[PDB]
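Engineer: First, the structure itself, so that you have it in front of you.
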Amino acid sequence: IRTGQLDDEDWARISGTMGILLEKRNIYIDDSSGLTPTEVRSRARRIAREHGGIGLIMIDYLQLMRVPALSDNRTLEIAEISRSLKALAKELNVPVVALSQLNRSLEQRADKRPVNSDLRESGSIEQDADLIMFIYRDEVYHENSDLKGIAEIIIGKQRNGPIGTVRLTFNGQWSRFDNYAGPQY
Amino acid sequence: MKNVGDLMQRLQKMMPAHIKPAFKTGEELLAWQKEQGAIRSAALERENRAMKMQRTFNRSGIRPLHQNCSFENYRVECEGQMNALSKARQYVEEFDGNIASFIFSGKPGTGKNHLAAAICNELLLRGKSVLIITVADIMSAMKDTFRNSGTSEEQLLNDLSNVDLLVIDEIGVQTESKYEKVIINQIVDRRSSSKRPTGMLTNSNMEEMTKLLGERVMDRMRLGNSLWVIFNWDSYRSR
Amino acid sequence: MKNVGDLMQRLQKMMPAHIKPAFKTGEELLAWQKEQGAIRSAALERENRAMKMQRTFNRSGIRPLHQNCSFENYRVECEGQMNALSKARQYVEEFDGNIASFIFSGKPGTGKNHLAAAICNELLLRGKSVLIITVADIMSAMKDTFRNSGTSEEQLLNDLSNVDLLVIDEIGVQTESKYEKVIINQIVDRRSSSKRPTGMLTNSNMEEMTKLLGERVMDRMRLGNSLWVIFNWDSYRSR
DNA sequence: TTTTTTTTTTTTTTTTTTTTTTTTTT
Ligand SMILES: Nc1ncnc2c1ncn2[C@@H]1O[C@H](COP(=O)(O)OP(=O)(O)O)[C@@H](O)[C@H]1O
Ligand SMILES: Nc1ncnc2c1ncn2[C@@H]1O[C@H](COP(=O)(O)OP(=O)(O)O)[C@@H](O)[C@H]1O
């Protein structure tokens, strides 16, 4: 797609997914960098009143969220962020997918499966949430693995549901996770 | 700035006509993704099973000498050749969930590995695992496993028992190693008792074999149609 | 806004008549809850004990060759067979709180694993843990256990001690190994010293075996009714 | 104060089978 080296079947499938996404007019992407929870609530309440009511939110790499009041203390910054996002989700009555990085603690552990502790900052996000689900793809660490093309979704907390370890297949050539109707886990 | 038709038209400026977008909706696109994902999952699993054999061992289950080794090229000379060949055919066909071992006994140069590899060539198309291997190479794997603490010989034996059709080669020799005995009985124990097949290749007689191969091993070998095919012929390559 | 009447009426609108609660009170609630708590804990600890050796290892118990192994498929030939079957039955019936072991001896093809597996099949449904296993497999598990530090031979030995009926197979072969002997005698030491039964399966005689199972272990096995029961027949699969 | 990430130095705790050639004296 970023080269133009594509064939008729591909041109077609692109036309199809495009002509699908245009007819619904669901998605609304904000390409602004250093937002605050104030602005997030504002934009979300804006898309809400006009277009019915939203159904889902995604927030990429939470830690970029700011609030300049608490710019001197970072942990409290993240705490305010998390409370704001939870309150938002409770306000508009939707979920809030909120990504977050992890710290380099699981590297000196020899297992490399992330635990609920290994969250990038403040540890409130391991408290304010109804659901955490980490990701683990063994072929990144292990080239000696017989478990490649396989990415497993290590749930790590769920207040109203079970813990687990879901299993899915990664094909990053087209940036998709798909279901793994394979052996058990 | 631009609308549905205008954008799609600016894009047909690239792509030629007679373009069936093939979905038109979401209810079908999700189903198509589901289908293709199950397909790619199956292919992925096949590839990783293969890699598991290449990692636990080396030497892809069939070797390039016995790779082009089906039933057809087995030149016919006599009636025992039919007694072996057609019996092998029905052994392949009746292999599914069958506790049916086999021992080809006979002199070298007689095509024992050949038919045992025709079997395996078929079972690769069936979608099963195979391995022709020499006990020397097995014990080499054991004694290399002793070195590294990343793989261990129980993991190795589990890899062996997890095989669909294992066969052993160059067994008739009277190597007296206690540690060879404890492995060669244990493997067939862990396979037969785990309700899986296996079949050896030898140059020896039943009683010649039965002092090296313990009574228990022959006992766990002789099941159903145990297939005591024997070659009492003259070597091929001298022709 | 709403009371017991209106609320339970709207509740019956969900769910039909004759749904009577069977509690009606505050004490029977907690009582039946504790009842189900202990009943759940039973199968819970059962699942723990049974998944130890299916999580770490495989096939913990009877293994699929000797699973379909009722007493009654046992073919009758002679008074030795009567002795074996009858004594096996009474050993099962007088099993509970009874320190009584068994050391079958004799050639293969006689029904050692068969009778041991019928025994263990029954003691499953009686609510007891069992494991038929090869000594080679135990030592393989040990030699794998040296790899990882998360587990330990101590852990596996205490697990075997936690088993109700530990049994051993193919012990007759004369491996003089120090680390084999320490395990084979330490296991019986731990079990019998903790007032727990077990039993073995071999081929040789008491004396020729006793250098392998020390006089200590043999005498510490021969309690109550040792049940030496011996088989001196031909192989079954020869028939 | 209490959280959090980052590098740097100290201690302490944990480890089996294998294969050979010998080479005697009968
Ligand atoms: N009947 C036959 N037809 C064709 N090739 C044969 C026949 N018998 C033996 N061969 C050839 O002889 C070789 C040796 O047979 P093989 O079973 O591989 O070794 P061994 O005889 O030691 O078991 C094979 O590579 C095969 O090509
Ligand atoms: N009394 C019997 N009746 C029927 N089958 C028997 C009898 N004894 C042994 N067998 C069969 O012989 C085989 C070997 O018996 P088993 O005790 O399991 O192993 P082993 O004979 O080596 O101890 C088994 O497949 C079993 O079904």
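Residue numbers start at 1 in each chain; chains themselves are named A, B, ... in the order of the structure tokens; ligands are numbered from 1 in the order shown.
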Chain C vs chain B: Cα RMSD after least-squares superposition over all Cα in order?
Structural biologist: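 It comes to 1.6 Å after superposition.
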Engineer: Output the contact residues of chain C with respect to chain D at a cut-off of 12 Å, based on only C-alpha atoms (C1' of nucleotides), as a list in words.
Structural biologist: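 Taking only C-alpha atoms (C1' of nucleotides) into account, residues 136, 139, 140, 141, 142, 143, 144, 145, 146, 147, 148, 149, 150, 152, 153, 175, 177, 178, 179 and 180 of chain C sit within 12 Å of chain D.
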Engineer: Which residues are close to residue 47 (chain A), i.e. within 12 Å by only C-alpha atoms (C1' of nucleotides), leaving aside same-chain residues fewer than 3 positions away? Reply as a VMD selection string.
Structural biologist: chain A and resid 26 to 30 40 to 44 50 to 57 92
Engineer: Take the selection from the previous step and output its residues with N, CA and C atoms, as a compact mmCIF listing (two decimals), in the first residue's frame.
Structural biologist:
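Output file selection.txt follows:
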# COMPACT_ATOMS: atom_id res chain seq x y z
N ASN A 26 -18.45 5.70 11.06
CA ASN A 26 -18.32 5.42 12.48
C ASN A 26 -17.13 6.13 13.12
N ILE A 27 -15.98 5.97 12.52
CA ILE A 27 -14.72 6.22 13.20
C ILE A 27 -14.40 7.70 13.19
N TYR A 28 -13.68 8.15 14.23
CA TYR A 28 -13.29 9.55 14.37
C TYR A 28 -11.92 9.57 15.05
N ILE A 29 -10.88 9.83 14.27
CA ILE A 29 -9.50 9.80 14.73
C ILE A 29 -9.04 11.21 15.04
N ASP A 30 -8.47 11.39 16.22
CA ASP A 30 -7.83 12.64 16.60
C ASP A 30 -6.32 12.49 16.50
N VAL A 40 -10.06 15.51 26.09
CA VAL A 40 -10.65 14.23 25.73
C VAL A 40 -12.13 14.21 26.08
N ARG A 41 -12.47 14.67 27.28
CA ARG A 41 -13.87 14.71 27.67
C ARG A 41 -14.64 15.64 26.76
N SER A 42 -14.02 16.75 26.37
CA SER A 42 -14.70 17.72 25.53
C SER A 42 -15.03 17.13 24.17
N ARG A 43 -14.01 16.61 23.49
CA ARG A 43 -14.21 16.02 22.17
C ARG A 43 -15.19 14.86 22.23
N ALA A 44 -15.09 14.03 23.26
CA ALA A 44 -15.97 12.87 23.34
C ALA A 44 -17.41 13.29 23.56
N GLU A 50 -23.93 14.84 19.06
CA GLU A 50 -24.28 14.99 17.65
C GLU A 50 -24.64 13.66 17.03
N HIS A 51 -23.82 12.65 17.27
CA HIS A 51 -23.86 11.39 16.54
C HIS A 51 -24.44 10.26 17.38
N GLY A 52 -25.44 10.59 18.19
CA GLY A 52 -26.14 9.61 18.98
C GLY A 52 -25.52 9.44 20.34
N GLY A 53 -24.78 8.36 20.50
CA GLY A 53 -23.92 8.18 21.64
C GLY A 53 -22.80 7.25 21.26
N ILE A 54 -21.61 7.52 21.75
CA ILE A 54 -20.47 6.72 21.32
C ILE A 54 -20.60 5.33 21.90
N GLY A 55 -19.74 4.43 21.44
CA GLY A 55 -19.76 3.05 21.86
C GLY A 55 -18.40 2.54 22.25
N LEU A 56 -17.35 3.31 22.00
CA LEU A 56 -16.02 2.83 22.30
C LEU A 56 -15.02 3.95 22.14
N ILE A 57 -13.96 3.88 22.93
CA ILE A 57 -12.87 4.83 22.89
C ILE A 57 -11.57 4.04 22.93
N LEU A 92 -20.30 8.86 29.99
CA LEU A 92 -20.92 8.56 28.71
C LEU A 92 -21.42 7.13 28.61
Engineer: Excluding residue 66 (chain A) and its own-chain neighbours fewer than 3 positions away, which residues fall within 9 Å of it when counting only C-alpha atoms (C1' of nucleotides)? Please give them as a PyMOL selection string.
Structural biologist: chain A and resi 34-37+63+69-71+77-78+81
Engineer: Residues of chain A that approach chain B to 10 Å or less, counting only C-alpha atoms: could you list each one with the shortest pair of atoms and its distance in Å to one decimal, rows by chain and increasing residue number, as a tab-separated table?
Structural biologist:
residue	atom	partner	partner_atom	distance
A:4	CA	B:14	CA	9.5
A:6	CA	B:15	CA	9.7
A:7	CA	B:15	CA	9.1
A:8	CA	B:19	CA	7.4
A:9	CA	B:19	CA	8.1
A:10	CA	B:21	CA	9.1
A:11	CA	B:15	CA	6.4
A:12	CA	B:21	CA	4.5
A:13	CA	B:21	CA	5.2
A:14	CA	B:21	CA	7.3
A:15	CA	B:21	CA	5.4
A:16	CA	B:21	CA	4.2
A:17	CA	B:23	CA	7.4
A:18	CA	B:8	CA	8.3
A:19	CA	B:24	CA	6.9
A:20	CA	B:25	CA	5.6
A:21	CA	B:25	CA	8.9
A:22	CA	B:4	CA	6.7
A:23	CA	B:4	CA	8.0
A:24	CA	B:25	CA	9.9
A:144	CA	B:55	CA	7.5
A:145	CA	B:52	CA	8.2
A:146	CA	B:48	CA	5.5
A:147	CA	B:48	CA	7.0
A:148	CA	B:48	CA	7.3
A:149	CA	B:44	CA	7.0
A:150	CA	B:44	CA	8.9
A:168	CA	B:41	CA	9.2
A:169	CA	B:41	CA	7.2
A:170	CA	B:41	CA	9.7
A:171	CA	B:40	CA	9.3
A:176	CA	B:37	CA	9.7
A:177	CA	B:37	CA	8.9
A:178	CA	B:37	CA	5.7
A:179	CA	B:37	CA	6.5
A:180	CA	B:41	CA	6.0
A:181	CA	B:38	CA	6.5
A:182	CA	B:41	CA	7.4
A:183	CA	B:45	CA	9.5
Engineer: Restricting the calculation to only C-alpha atoms: of B:31, B:115, B:69, B:99, which residue gets closest to chain C?
Structural biologist: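 For chain C, the nearest of the given residues is B:99.
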Engineer: Going by DSSP on the backbone, which residues of region 142-182 of chain C come out as alpha helix (DSSP H)? List them as a PyMOL selection string.
Structural biologist: chain C and resi 142-145+153-162+178-182
Engineer: Could you write out that same residue set with N, CA and C atoms as an mmCIF file, in the first residue's frame?
Structural biologist:
data_model
loop_
_atom_site.group_PDB
_atom_site.id
_atom_site.type_symbol
_atom_site.label_atom_id
_atom_site.label_comp_id
_atom_site.auth_asym_id
_atom_site.auth_seq_id
_atom_site.Cartn_x
_atom_site.Cartn_y
_atom_site.Cartn_z
ATOM 1 N N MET C 142 13.493 -37.661 37.052
ATOM 2 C CA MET C 142 14.539 -37.133 37.927
ATOM 3 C C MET C 142 15.594 -36.373 37.131
ATOM 4 N N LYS C 143 16.114 -37.015 36.087
ATOM 5 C CA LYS C 143 17.173 -36.441 35.276
ATOM 6 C C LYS C 143 16.709 -35.200 34.533
ATOM 7 N N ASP C 144 15.401 -35.054 34.322
ATOM 8 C CA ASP C 144 14.853 -33.796 33.834
ATOM 9 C C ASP C 144 14.715 -32.783 34.956
ATOM 10 N N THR C 145 14.416 -33.260 36.157
ATOM 11 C CA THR C 145 14.193 -32.378 37.288
ATOM 12 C C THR C 145 15.463 -31.649 37.685
ATOM 13 N N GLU C 153 13.462 -32.792 42.773
ATOM 14 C CA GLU C 153 13.281 -34.202 43.081
ATOM 15 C C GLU C 153 12.614 -34.375 44.433
ATOM 16 N N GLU C 154 12.901 -33.481 45.379
ATOM 17 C CA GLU C 154 12.185 -33.487 46.649
ATOM 18 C C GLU C 154 10.688 -33.331 46.427
ATOM 19 N N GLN C 155 10.302 -32.360 45.596
ATOM 20 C CA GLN C 155 8.890 -32.121 45.324
ATOM 21 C C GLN C 155 8.243 -33.345 44.698
ATOM 22 N N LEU C 156 8.915 -33.957 43.725
ATOM 23 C CA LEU C 156 8.328 -35.118 43.064
ATOM 24 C C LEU C 156 8.256 -36.311 44.009
ATOM 25 N N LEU C 157 9.237 -36.458 44.899
ATOM 26 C CA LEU C 157 9.226 -37.582 45.825
ATOM 27 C C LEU C 157 8.132 -37.412 46.865
ATOM 28 N N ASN C 158 7.936 -36.186 47.346
ATOM 29 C CA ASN C 158 6.833 -35.924 48.258
ATOM 30 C C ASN C 158 5.492 -36.107 47.562
ATOM 31 N N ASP C 159 5.421 -35.801 46.266
ATOM 32 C CA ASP C 159 4.201 -36.059 45.511
ATOM 33 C C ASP C 159 3.912 -37.550 45.430
ATOM 34 N N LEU C 160 4.930 -38.347 45.112
ATOM 35 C CA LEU C 160 4.748 -39.795 45.089
ATOM 36 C C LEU C 160 4.362 -40.317 46.464
ATOM 37 N N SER C 161 4.934 -39.735 47.518
ATOM 38 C CA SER C 161 4.555 -40.117 48.871
ATOM 39 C C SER C 161 3.093 -39.788 49.138
ATOM 40 N N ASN C 162 2.608 -38.682 48.572
ATOM 41 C CA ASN C 162 1.206 -38.310 48.710
ATOM 42 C C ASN C 162 0.265 -39.255 47.978
ATOM 43 N N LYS C 178 23.950 -45.887 41.466
ATOM 44 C CA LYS C 178 23.826 -45.312 42.799
ATOM 45 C C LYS C 178 22.602 -44.414 42.894
ATOM 46 N N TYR C 179 22.437 -43.523 41.916
ATOM 47 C CA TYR C 179 21.325 -42.593 41.959
ATOM 48 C C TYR C 179 20.002 -43.276 41.646
ATOM 49 N N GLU C 180 20.024 -44.448 41.015
ATOM 50 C CA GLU C 180 18.798 -45.232 40.921
ATOM 51 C C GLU C 180 18.468 -45.885 42.251
ATOM 52 N N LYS C 181 19.482 -46.431 42.927
ATOM 53 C CA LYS C 181 19.225 -47.141 44.172
ATOM 54 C C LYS C 181 18.727 -46.193 45.250
ATOM 55 N N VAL C 182 19.321 -45.003 45.333
ATOM 56 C CA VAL C 182 18.898 -44.053 46.355
ATOM 57 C C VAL C 182 17.426 -43.713 46.177
#
Engineer: If we count only C-alpha atoms (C1' of nucleotides), what is near residue 238 (chain C) at a cut-off of 10 Å, once residues fewer than 4 positions away on the same chain are taken out, given as a PyMOL selection string?
Structural biologist: (chain B and resi 219+222) or (chain C and resi 109+234)
Engineer: Counting only C-alpha atoms (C1' of nucleotides) and all ligand atoms, what are the residues, protein, DNA or RNA alike, that approach ligand 1 to within 9 Å? I want them as a VMD selection string.
Structural biologist: chain B and resid 65 to 66 69 73 to 77 81 104 to 117 169 to 170 201 to 203 235 to 237
Engineer: Can I get the selection written as a short mmCIF file (atom, residue, chain, number, x, y, z; two decimals), in the first residue's frame, with N, CA, C and O atoms?
Structural biologist:
data_model
loop_
_atom_site.label_atom_id
_atom_site.label_comp_id
_atom_site.auth_asym_id
_atom_site.auth_seq_id
_atom_site.Cartn_x
_atom_site.Cartn_y
_atom_site.Cartn_z
N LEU B 65 17.99 -39.37 0.57
CA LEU B 65 18.27 -40.62 -0.12
C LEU B 65 17.03 -41.49 -0.25
O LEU B 65 16.87 -42.19 -1.25
N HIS B 66 16.16 -41.45 0.76
CA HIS B 66 14.89 -42.17 0.77
C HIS B 66 13.71 -41.22 0.60
O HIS B 66 12.60 -41.52 1.04
N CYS B 69 10.78 -42.10 -2.80
CA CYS B 69 10.85 -43.48 -2.35
C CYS B 69 9.47 -44.08 -2.16
O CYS B 69 9.17 -44.67 -1.12
N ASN B 73 8.34 -47.29 -7.52
CA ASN B 73 9.67 -47.60 -8.02
C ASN B 73 10.20 -48.94 -7.51
O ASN B 73 11.25 -49.39 -7.98
N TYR B 74 9.50 -49.58 -6.58
CA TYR B 74 9.96 -50.84 -6.01
C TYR B 74 9.84 -51.93 -7.07
O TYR B 74 8.78 -52.52 -7.26
N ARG B 75 10.95 -52.19 -7.75
CA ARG B 75 10.97 -53.16 -8.83
C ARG B 75 10.65 -54.56 -8.30
O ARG B 75 11.13 -54.95 -7.23
N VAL B 76 9.83 -55.29 -9.05
CA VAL B 76 9.32 -56.59 -8.61
C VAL B 76 10.20 -57.69 -9.17
O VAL B 76 10.70 -57.59 -10.30
N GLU B 77 10.42 -58.74 -8.37
CA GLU B 77 11.17 -59.92 -8.82
C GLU B 77 10.50 -61.24 -8.45
O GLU B 77 10.62 -62.21 -9.19
N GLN B 81 8.11 -60.47 -2.63
CA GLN B 81 8.04 -59.03 -2.86
C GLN B 81 6.60 -58.55 -2.83
O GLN B 81 6.31 -57.48 -2.29
N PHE B 104 10.94 -55.37 9.70
CA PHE B 104 11.57 -55.92 8.50
C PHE B 104 12.92 -56.48 8.90
O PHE B 104 13.84 -55.72 9.24
N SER B 105 13.05 -57.79 8.85
CA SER B 105 14.32 -58.47 9.06
C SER B 105 14.83 -58.94 7.71
O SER B 105 14.05 -59.34 6.85
N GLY B 106 16.14 -58.87 7.53
CA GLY B 106 16.72 -59.26 6.26
C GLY B 106 18.09 -58.66 6.09
O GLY B 106 18.50 -57.76 6.82
N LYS B 107 18.80 -59.18 5.10
CA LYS B 107 20.14 -58.72 4.84
C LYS B 107 20.12 -57.28 4.35
O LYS B 107 19.07 -56.77 3.95
N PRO B 108 21.26 -56.59 4.38
CA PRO B 108 21.32 -55.25 3.80
C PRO B 108 21.12 -55.28 2.30
O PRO B 108 21.21 -56.32 1.64
N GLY B 109 20.88 -54.09 1.75
CA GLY B 109 20.71 -53.95 0.33
C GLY B 109 19.40 -54.49 -0.21
O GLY B 109 19.30 -54.74 -1.41
N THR B 110 18.40 -54.66 0.65
CA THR B 110 17.16 -55.33 0.29
C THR B 110 15.95 -54.41 0.23
O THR B 110 14.85 -54.88 -0.08
N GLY B 111 16.11 -53.12 0.52
CA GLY B 111 15.01 -52.20 0.42
C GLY B 111 14.12 -52.14 1.64
O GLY B 111 12.94 -51.79 1.52
N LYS B 112 14.65 -52.46 2.82
CA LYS B 112 13.88 -52.33 4.05
C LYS B 112 13.55 -50.87 4.32
O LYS B 112 12.38 -50.48 4.43
N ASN B 113 14.59 -50.03 4.41
CA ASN B 113 14.40 -48.59 4.53
C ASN B 113 13.55 -48.05 3.40
O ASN B 113 12.81 -47.08 3.58
N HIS B 114 13.61 -48.68 2.22
CA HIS B 114 12.90 -48.16 1.07
C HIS B 114 11.40 -48.23 1.28
O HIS B 114 10.69 -47.23 1.12
N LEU B 115 10.90 -49.40 1.66
CA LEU B 115 9.47 -49.53 1.88
C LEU B 115 9.05 -48.84 3.16
O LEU B 115 7.96 -48.25 3.22
N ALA B 116 9.90 -48.86 4.19
CA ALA B 116 9.59 -48.13 5.41
C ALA B 116 9.54 -46.63 5.17
O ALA B 116 8.94 -45.91 5.98
N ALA B 117 10.16 -46.14 4.10
CA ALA B 117 10.08 -44.74 3.73
C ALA B 117 8.96 -44.46 2.74
O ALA B 117 8.47 -43.33 2.69
N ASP B 169 16.34 -48.29 13.29
CA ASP B 169 17.16 -48.83 12.23
C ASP B 169 18.52 -49.21 12.80
O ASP B 169 19.03 -48.55 13.71
N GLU B 170 19.10 -50.28 12.26
CA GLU B 170 20.36 -50.84 12.74
C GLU B 170 20.25 -51.24 14.21
O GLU B 170 20.92 -50.68 15.08
N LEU B 201 13.71 -52.00 12.22
CA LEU B 201 14.38 -52.61 11.08
C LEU B 201 15.61 -53.32 11.61
O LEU B 201 16.37 -52.75 12.40
N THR B 202 15.82 -54.56 11.16
CA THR B 202 16.85 -55.41 11.72
C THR B 202 17.47 -56.25 10.62
O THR B 202 17.00 -56.28 9.48
N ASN B 203 18.56 -56.92 10.99
CA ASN B 203 19.20 -57.94 10.15
C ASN B 203 19.21 -59.31 10.83
O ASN B 203 19.89 -60.22 10.34
N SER B 235 20.97 -59.02 -2.42
CA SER B 235 21.06 -57.57 -2.40
C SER B 235 20.75 -56.98 -3.77
O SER B 235 20.97 -57.60 -4.81
N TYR B 236 20.24 -55.75 -3.75
CA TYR B 236 19.80 -55.08 -4.96
C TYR B 236 20.97 -54.49 -5.74
O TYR B 236 21.08 -54.67 -6.95
N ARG B 237 21.84 -53.77 -5.05
CA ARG B 237 22.85 -52.97 -5.74
C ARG B 237 23.92 -53.82 -6.41
O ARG B 237 24.68 -53.29 -7.22
#
Engineer: Counting only C-alpha atoms, which residue out of B:200, B:206, B:187, B:103 sits closest to chain C?
Structural biologist: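 Counting only C-alpha atoms, the residue closest to chain C is B:187.
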Engineer: Have a look at atom 6 (C, counted along the ligand's line) of ligand 2 and CA of residue 118 (chain C) and let me know their distance in Å, one decimal.
Structural biologist: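 Between atom 6 (C, counted along the ligand's line) of ligand 2 and CA of residue 118 (chain C) the gap works out to 11.6 Å.
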Engineer: With distances taken over only C-alpha atoms, which of C:210, C:204, C:134, C:185 is nearest to chain B?
Structural biologist: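 Nearest to chain B: C:134.
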Engineer: Should the cut-off be 7 Å, what would the residue list for chain A against chain D look like, counting only C-alpha atoms (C1' of nucleotides), as a ChimeraX atom specification?
Structural biologist: /A:75,121-122
Engineer: As a ChimeraX atom specification, please: every residue in region 103-207 of chain C that DSSP puts in strand (DSSP E or B).
Structural biologist: /C:103-106,130-131,134,165-167,169,198-201
Engineer: To one decimal place in Å, what is the distance between CA of residue 211 (chain C) and CA of residue 196 (chain C)?
Structural biologist: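 Pair CA of residue 211 (chain C) / CA of residue 196 (chain C) returns 23.3 Å.
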Engineer: Considering only C-alpha atoms, state which residue in the set B:58, B:205, B:83, B:193 is at the smallest distance from chain C.
Structural biologist: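 Of the candidates, the smallest distance to chain C is held by B:193.
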